[PDB]
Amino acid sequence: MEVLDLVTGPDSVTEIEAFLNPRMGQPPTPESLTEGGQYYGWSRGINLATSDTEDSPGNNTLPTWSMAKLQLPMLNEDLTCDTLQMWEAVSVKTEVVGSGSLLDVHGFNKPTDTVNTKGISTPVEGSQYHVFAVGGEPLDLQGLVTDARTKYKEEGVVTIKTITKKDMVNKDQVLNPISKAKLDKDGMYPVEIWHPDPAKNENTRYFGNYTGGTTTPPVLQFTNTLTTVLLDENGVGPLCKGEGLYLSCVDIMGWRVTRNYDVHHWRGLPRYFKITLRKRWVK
């Protein structure tokens, strides 16, 4: 994989836009605002372990990674040609949209004055997690969990056991090299299990940040004036191997809590991506 000069001429540079909607737990359908669709953009009620050895989170309570594989313009006539062209992601403008909606404090969440059930509807608060990646192949994931004893559903989610065909081991609570996967499905890989693998991702740039806590104030900036350069130390950005551009993200704002038993629901927001790509000559 020799990377040569930038290709010049008509259409050697292109822009790709996309928004990835969050995957907090409640699927996009049913759309009915009375049959579950009113939780889209949120997780369903987080259910807790019933004992130290009985922790089975429902799939719709586990935020998962969002991902999209975008198709770029075709490039090579001759595939047996000594020198071909590849799309190179140069930079990305990305933005999490909707933080202002968090200013709705007039709903029916747990109120701030619980003695009289007054005040305001408590806004979303808590743990936040923002990660996005742009690469030329799926984001490589390293699994690591809080508890290797957690009983994740066998269906509907991709967990470490889905990959290894075996039960998690104690090493899965730290770095177990065996527990790897690729983010190749949207809404299926729980973010409390799968993390960007720093030992791989040679062709993907990822950026994440985590803020913990139970009532931590969410903080978010948004501007259309910032660009993230995806070029590495050698001036080379992610190269689209099959002309497939991979976008990955997760944007958890925290939880809203209901007036019944403090049931928490994760809140996620959509992320916008505008990727600038250029053609690169490759040998």
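For every residue, the number given is its place in the sequence shown, counted from 1.
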| property | result |
| --- | --- |
| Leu79 left out of the model in a third or more of other PDB entries | yes |
| Given 29-37 and 218-226, the range whose Cα B-factors average higher in the PDB entry | 29-37 |
| Selected stretch [higher average CA B-factor]: 18-26 or 5-13 | 5-13 |
| Selection from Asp113, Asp186, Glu202, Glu88 [criterion: highest C-alpha temperature factor in the record] | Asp113 |
| Highest recorded Cα temperature factor - choice among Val250, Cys240, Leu48, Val257 | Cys240 |
| Entry-reported Cα temperature factor of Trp266, expressed as the chain third it lands in | lowest |
| Ranked C-alpha temperature factor of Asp197 among modelled chain residues, by third | middle |
| Third of the chain's Cα B-factor distribution that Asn234 belongs to, per the entry | highest |
| Ranked against its chain, the third holding the CA B-factor of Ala68 | middle |
| Relative C-alpha B-factor of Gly244, binned into the chain's lowest, middle or highest third | highest |
